[PDB]
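Enquirer: Questions regarding the structure given below will be posed in turn.
There are 2 protein chains.
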Amino acid sequence: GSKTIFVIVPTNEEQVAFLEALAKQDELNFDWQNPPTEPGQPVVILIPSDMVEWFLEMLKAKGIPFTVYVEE
Amino acid sequence: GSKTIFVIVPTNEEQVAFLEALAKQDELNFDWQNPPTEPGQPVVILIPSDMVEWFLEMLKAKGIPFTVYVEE
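Chains as they are written, first to last, in our numbering: chain A, 6 to 77; chain B, 6 to 77.
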């Protein structure tokens, strides 16, 4: 099992509100580890390889510091 | 930088208790994303590359189903 783990780290109300806002999107069907409410906290999200490009361009658009991980 | 993300998912009280127990170890200085109190849920633990062998062997000793991840 090689899944893509997306770890986002918000540093402002905009980043948090945005991360928590998208989290509501049930259409994503992602796997959230922790509730995106605390700013500066490393929010982990297990997403499929078929959604890595979307999240990548999504977070990159706003310029949010994230880190994509995968089963080494 | 490249951090060592250790994903441990308990399958019973044994694994859960062991995880929630080791988490108390302040000597570890790890980074827990979520409190491993629910069985079947993979907990994300951000540990250093200098403790990867420790955790890996630790989980292997009991035979807990985990998954190590690193910055691709």
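Virtual Cβ for every residue (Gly too), placed ideally from N, Cα, C.
1. Checking contacts by CB at 8 Å: is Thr72(B) closer than that to chain A?
2. Using the beta-carbon of each residue, which ones in chain B are nearer than 9 Å to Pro47(A)?
3. Measure the C-alpha to C-alpha separation of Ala66(B) and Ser54(A) and round it to an integer number of angstroms.
4. Does DSSP put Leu51(B) in a helix, in a strand, or in coil?
5. Using beta-carbon positions only, say whether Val49(A) and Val73(A) come within less than 8 Å of one another.
6. Counting only beta-carbon atoms, is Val75(A) nearer than 8 Å to chain B?
7. Starting from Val21(A), trace the alpha helix (DSSP H) in both directions and tell me its first and last residue.
8. Given a threshold of 16 other Cβ atoms within 10 Å of its Cβ, counted over all protein chains shown, does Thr9(A) qualify as buried or as exposed?
9. List the residues of chain B that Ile13(A) touches, going by C-beta distances under 9 Å, in chain order.
10. DSSP on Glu58(B), reduced to helix/strand/coil?
11. Are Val75(B) and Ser7(B) touching if we call contact CB-CB under 8 Å?
12. Look at the Cβ atom of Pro47(A), then the Cβ atom of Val14(A), and state whether they are nearer than 8 Å.
13. So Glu25(A) and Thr42(A) are in contact, right, with Cβ under 8 Å, and what is the actual spacing, rounded?
14. Determine the closest residue to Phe60(B) out of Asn34(B), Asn17(B) and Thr16(B), with distance taken between C-alpha atoms.
Expert: In this structure, then:
1. By this cut-off, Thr72(B) is an interface position.
2. In chain order: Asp36, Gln38, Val49 and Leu51.
3. So the alpha carbons of these two residues sit roughly 31 Å apart.
4. When secondary structure is reduced to three states using DSSP, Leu51(B) falls in the strand class.
5. Note that the C-beta distance between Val49(A) and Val73(A) is not below 8 Å.
6. Contact with chain B is found for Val75(A), since one of that chain's Cβ atoms lies less than 8 Å from the residue's Cβ.
7. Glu18 to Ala28 is the extent of the alpha helix (DSSP H) around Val21(A).
8. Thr9(A) is buried by the Cβ-count criterion.
9. Correct list: empty, because the minimum Cβ distance to chain B is about 12 Å.
10. The DSSP-derived three-state label of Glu58(B) is helix.
11. In contact: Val75(B) and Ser7(B) (Cβ atoms closer than 8 Å).
12. Against a cut-off of 8 Å, the Cβ pair of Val14(A) and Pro47(A) comes out as a contact.
13. Indeed they touch by this definition, with Cβ atoms about 6 Å apart.
14. Comparing C-alpha distances from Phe60(B) to each of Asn34(B), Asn17(B) and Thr16(B) shows the shortest one belongs to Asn34(B).
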